[PDB]
Amino acid sequence: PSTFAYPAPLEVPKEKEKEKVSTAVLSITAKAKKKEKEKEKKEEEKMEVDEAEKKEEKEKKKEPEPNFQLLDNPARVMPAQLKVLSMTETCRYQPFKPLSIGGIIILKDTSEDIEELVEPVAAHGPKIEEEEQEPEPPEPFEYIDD
Amino acid sequence: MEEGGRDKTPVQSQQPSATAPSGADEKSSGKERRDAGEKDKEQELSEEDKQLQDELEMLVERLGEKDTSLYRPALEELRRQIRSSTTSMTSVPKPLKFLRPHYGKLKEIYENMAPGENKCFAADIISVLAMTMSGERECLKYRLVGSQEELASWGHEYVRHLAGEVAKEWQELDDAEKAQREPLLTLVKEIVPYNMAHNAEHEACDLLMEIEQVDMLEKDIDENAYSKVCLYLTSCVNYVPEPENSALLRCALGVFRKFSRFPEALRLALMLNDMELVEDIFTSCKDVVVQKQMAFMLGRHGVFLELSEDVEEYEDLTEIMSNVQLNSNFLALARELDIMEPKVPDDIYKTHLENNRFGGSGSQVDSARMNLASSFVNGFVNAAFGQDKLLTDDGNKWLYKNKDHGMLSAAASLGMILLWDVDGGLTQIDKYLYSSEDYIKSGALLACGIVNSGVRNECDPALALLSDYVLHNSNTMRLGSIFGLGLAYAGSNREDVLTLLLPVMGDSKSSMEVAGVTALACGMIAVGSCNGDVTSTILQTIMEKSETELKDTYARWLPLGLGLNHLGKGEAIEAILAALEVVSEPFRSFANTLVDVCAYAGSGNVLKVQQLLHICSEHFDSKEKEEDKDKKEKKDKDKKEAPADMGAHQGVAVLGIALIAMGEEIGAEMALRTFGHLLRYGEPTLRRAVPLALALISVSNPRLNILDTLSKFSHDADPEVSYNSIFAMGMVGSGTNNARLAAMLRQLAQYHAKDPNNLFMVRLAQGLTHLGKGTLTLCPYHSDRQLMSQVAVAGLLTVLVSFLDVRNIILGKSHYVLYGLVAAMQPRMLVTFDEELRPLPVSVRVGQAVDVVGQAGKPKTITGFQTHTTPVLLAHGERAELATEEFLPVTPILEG
């Protein structure tokens, strides 16, 4: 369920220009202050000093950004079942995603199947009906909208 | 060279010996390292032993074929070996002998070959071996001192020995705990401070202590032994970080305790400002000879003279404890107490006054805002006996016309002049006390304090009056009253002093800047003496600072009050800083920077590094703004310690002016005010860039602060720097005025500036040394940072003095002649060759009666050996009174 998901809200161009200016002030002042300050005597029996008064020498911070390796297809096959909400999906489906599913059938409600896999983006007929037809709750957008 | 083809002994060599040294010695390289390390097999160590006699002989032929090409390829690897790393320490009988020639090989490479690399490689091998070997090692050094052939090597021989020990590789706990150091001290004195300082151990100071204490009488005489130690300590302190610095001072205090000469001992007790330490030393100064002679006079003058009080009464922390003890021994009641109290110092001031000449009265006009300025100049110029006596006596004219806080101040300033008089001068102060408004009555107490610092015998004490008044309401009445109490009670450790400090009887009833004085007042009681560790003064600071976010001026004063109280040990200051941190305020970050900077001094390592640390592009309050632009001067050390350091830091400082100035336009305005104070606080040897810089900018831009900060420098020596300043201050003053208020500042500075050639001169010396803790400098630093146009400031403003005696009287022995020995000075300089500790004793001769002109002719060496008297006080940073042990009944006086 997590290999095709809904990617984050965007970095955007707008925020990119805006941020650099902000980062610039903090960046020079931190580095300039932090590197220069020592409170250490290295030719002493002590390593540094037992601490007289508190130091300003301090350290930096690192934050990366999350990405998973080079692929254009699912990561992990999966033999577990995952619930799919119709047209919100489990998270999201891409055209390779239904290949990996052996299923695309239902036995998770009253409904059951008369047909098996249908290949990617293609119609399957779920059999809630006797063999003809009966209505079902409205998932489609126009009914909900009006 | 590890070859079994013979280079080493797998069997007894004799063939390569003669042959190899000419071109480049191949035999000894493999023999000493490779054979020793691979086989510590004892049957194989016996072959080497037989070989050993041959090994000795190798040194004379090796000195015959010296030449830089022949010597350079032969040894790089012997230099590298360590005994404990070949583990040849673990057989003592045969390797110890192998070390005896091994040293003799190394010494030629160390000095004769001049490049930096040969010395450093060579250090690591000598130290490890020397400590392990000890006793036999001392014999080994002597053999080398003589030299197998008497050539160039002997001169170098002493330095290399001690230069090698500096490294102190491996063992740091030694094997001997007296070290091999001892014979070298007498021969070379230059190498030794390099060893103690790099080593930067308390253990280093232990080894130095044991050897100087024995060496005192025995080696040569007491006088040279005393001299050797004083120099050594001086390099060492800068290198040690602050917690550890206190420990080295005490260790030193023990070497001195025994010694006939006391000067350096007092400096160490001063640094700490501890009640117990100063007591121990004092009793010890007097004891050596029960006759008054050098011993008592040396102890009494030297400890008492030292500063920690802006008022002229000096310390007085020592005074109460020391006096009862001195009268008990009995050489007379009147003699011990008279020297001890300020009474003798009142005379010597009077006599010096004439030679130096006077800048006239501080009067200008008694009308308009100029009457306020007039009042202030009298106080600033003279904290001693004046020649402006005629204006002060007549109270009605100057004192009354005064407005607002200036009335209180006028009344204070009058006490400064009356100081050195109280045998008739008291009476007016009391008239002022009875009558009129609170400002004048409170002024009279502050003033009384000031006058009653001219005696310790006390007549109609000031101390009684004060007690009842502080308690008494009206914020102006309490403000003056507490501030007075700080002088009057003094640095004393009497219960009377301790008990008062506990309640904050001061201002805390106003949310304005006048309230800040409360923290200052508790500081004023201690006056530079160390903390009792009272909670009340620390807590007060949080309260006052926290409530405003509306006054920039208020927030800064609370840490400034605390610093005065805090002044003392490195040990003590860590503890008091802790209490404040628990709560956090952005206003405290101003205090955090102040306390750290005060604490750090005494170390060139921690102090200078802190002293550039800046973020100022967030706020111009106290929040992130901090002390930084102000701080950039690097003043705290320069005042505290070392003669060399004072010029080096200023060298850094010049460049820093540009950096603030260019960095911001706002930065330039603030930087110019504080830079002008570095000159007064620090006492640099540079007068080039800064006096002129301030002068030119002030013609361009009206800005009144500039004249004020400059005139405080201009007191020091009054036609060196004063030549420029007087011109600038006058020209601006009479071509620009913006207000009556504006005029008032410019006059105050203009009058304060002149007072001819070193009269009640400002120096941050003790005049016995300048390695010690000077007077409270922070009081002019407070007046200089903020606008001096602020009327609230005025009360504090009156004492910003940071004077050093105009005494250059020769004493330190009982003979008590005026105008001391011949000495050396260069006053055609702005940097000088010798600032080791004591400068060059040739230069161009000075022994004149007129007071010394430092800080561009700073160097004084005390010279007296040709006259056959000897100095007890060698120049330790002194700029006042000589101390000698005189074998003459009259001390010669010279022209030059």
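So basically every Cβ, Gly included, is an ideal-geometry build from the backbone, and we count neighbours across all protein chains shown. Derivation of every value follows stated rules applied to the coordinates shown; laboratory data play no part.
Report whether or not B:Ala555 is of a type outside the set (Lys, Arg), out of contact with any strand residue (DSSP E or B) (no Cβ under 6 Å at 6 or more places or on another chain) and within 28 Å of B:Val278 (Cβ to Cβ).
Numbers: of a type outside the set (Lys, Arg): yes; out of contact with any strand residue (DSSP E or B) (no Cβ under 6 Å at 6 or more places or on another chain): yes; within 28 Å of B:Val278 (Cβ to Cβ): no.
No: the conditions fail for B:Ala555.
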Read through the list (1) surrounded by fewer than 20 Cβ atoms within 10 Å (Cβ to Cβ); (2) part of a helix (DSSP H, G or I); (3) touching a helix residue (DSSP H, G or I) at 6+ places or on another chain (Cβ under 7 Å); (4) not hydroxyl-bearing (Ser, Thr, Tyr), then give the number of the only condition that B:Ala575 fails. (3)
I'd like the residue in segment A:33-62 that is without any contact (Cβ under 8 Å) to a residue 12 or more places away in the chain, under 41 Å from the mean Cα position of the chain (by Cα) and farther than 23 Å from B:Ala591 by Cβ and, out of all such residues, is farthest from the other protein chains (Cβ to nearest Cβ). A:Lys62
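Restricting attention to segment B:232-250, does a residue exist that is more than 24 Å from B:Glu571 (Cα to Cα) and either of a type outside the set (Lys, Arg) or within 14 Å of chain A (Cβ to nearest Cβ) (or both)?
Taking segment B:232-250 and keeping what is more than 24 Å from B:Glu571 (Cα to Cα), we get none.
No: zero hits.
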Please go through segment B:64-97 and give me each residue that is in contact with a helix residue (DSSP H, G or I) (Cβ under 6 Å, 6 or more places away or on another chain) and among the β-branched types (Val, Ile, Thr), ordered by number. B:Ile82, B:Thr86
What pairs come out if I take residues in segment B:168-185 that are away from chain A (no Cβ under 14 Å) and pair them with residues that are small (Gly, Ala, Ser) and surrounded by 15 or more Cβ atoms within 10 Å (Cβ to Cβ) whose C-beta lies under 6 Å away, six or more apart or interchain? B:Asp175/B:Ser134; B:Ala176/B:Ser134; B:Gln180/B:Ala130
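Does at least one position in segment B:284-294 carry a residue that is among the β-branched types (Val, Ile, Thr), in a loop (DSSP other than H, G, I, E, B) and touching a residue at least 60 places away in the same chain (Cβ under 8 Å)?
no
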If B:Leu771 satisfies all but one of (1) in a helix (DSSP H, G or I); (2) surrounded by 24 or more Cβ atoms within 10 Å (Cβ to Cβ), what's the number of the condition it fails? (1)
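Going by the structure shown, is B:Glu212 within 14 Å of chain A (Cβ to nearest Cβ) and either charged (D, E, K, R) or within 21 Å of B:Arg137 (Cβ to Cβ) (or both)? I'd like the intermediate steps shown before the answer.
Details: within 14 Å of chain A (Cβ to nearest Cβ): no; either charged (D, E, K, R) or within 21 Å of B:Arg137 (Cβ to Cβ) (or both): yes.
Considered against the rule, which asks whether it is within 14 Å of chain A (Cβ to nearest Cβ) and either charged (D, E, K, R) or within 21 Å of B:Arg137 (Cβ to Cβ) (or both), B:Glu212 comes out as no.
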Just one of the numbered conditions (1) touching a residue at least 40 places away in the same chain (Cβ under 8 Å); (2) under 15 Å from A:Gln81 (Cβ atoms) is not true of A:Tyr93; which one? (2)
Check A:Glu51 against each of (1) assigned to a loop (DSSP other than H, G, I, E, B); (2) on the phi < 0 side of the Ramachandran plot and name the one condition it does not meet. (2)
Residue check: is B:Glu669 out of contact with any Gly (no Cβ under 9 Å at 6 or more places or on another chain), assigned to a helix (DSSP H, G or I) and among the acidic types (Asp, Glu)? yes
Only one of these conditions is not met by B:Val377: (1) hydrophobic (A, V, I, L, M, F, W, C); (2) farther than 25 Å from B:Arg746 by Cα; (3) in a helix (DSSP H, G or I). Which number is it? (2)
Right, B:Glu201: under 17 Å from B:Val166 (Cα atoms) and either basic (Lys, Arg) or within 14 Å of chain A (Cβ to nearest Cβ) (or both) or not? yes
Could you list all residues from segment B:186-198 that are within 14 Å of chain A (Cβ to nearest Cβ) and more than 21 Å from the chain's Cα centre (by Cα)? B:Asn195
Is there a residue being closer than 24 Å to B:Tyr554 by Cβ and either within 12 Å of chain A (Cβ to nearest Cβ) or part of a loop (DSSP other than H, G, I, E, B) (or both) anywhere in segment B:601-611? no
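Restricting the search to segment B:8-40, which residues are of a type in the set (A, V, I, L, M) and within 16 Å of B:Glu57 (Cα to Cα)? Full working, then the answer.
Let us first name the residues in segment B:8-40 that are of a type in the set (A, V, I, L, M), namely B:11, B:18, B:20, B:24, B:36.
Of everything in segment B:8-40, those that are of a type in the set (A, V, I, L, M) and within 16 Å of B:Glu57 (Cα to Cα) turn out to be B:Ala18, B:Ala20.
Does B:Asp636 count as without any contact (Cβ under 8 Å) to a residue 24 or more places away in the chain, crowded, with 23+ Cβ neighbours inside 10 Å and either outside any loop (DSSP other than H, G, I, E, B) or out of contact with any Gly (no Cβ under 6 Å at 6 or more places or on another chain) (or both)? Quick ask: steps written out before the conclusion?
Numbers: without any contact (Cβ under 8 Å) to a residue 24 or more places away in the chain: no; crowded, with 23+ Cβ neighbours inside 10 Å: yes; either outside any loop (DSSP other than H, G, I, E, B) or out of contact with any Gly (no Cβ under 6 Å at 6 or more places or on another chain) (or both): yes.
It is false that B:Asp636 is without any contact (Cβ under 8 Å) to a residue 24 or more places away in the chain, crowded, with 23+ Cβ neighbours inside 10 Å and either outside any loop (DSSP other than H, G, I, E, B) or out of contact with any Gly (no Cβ under 6 Å at 6 or more places or on another chain) (or both).
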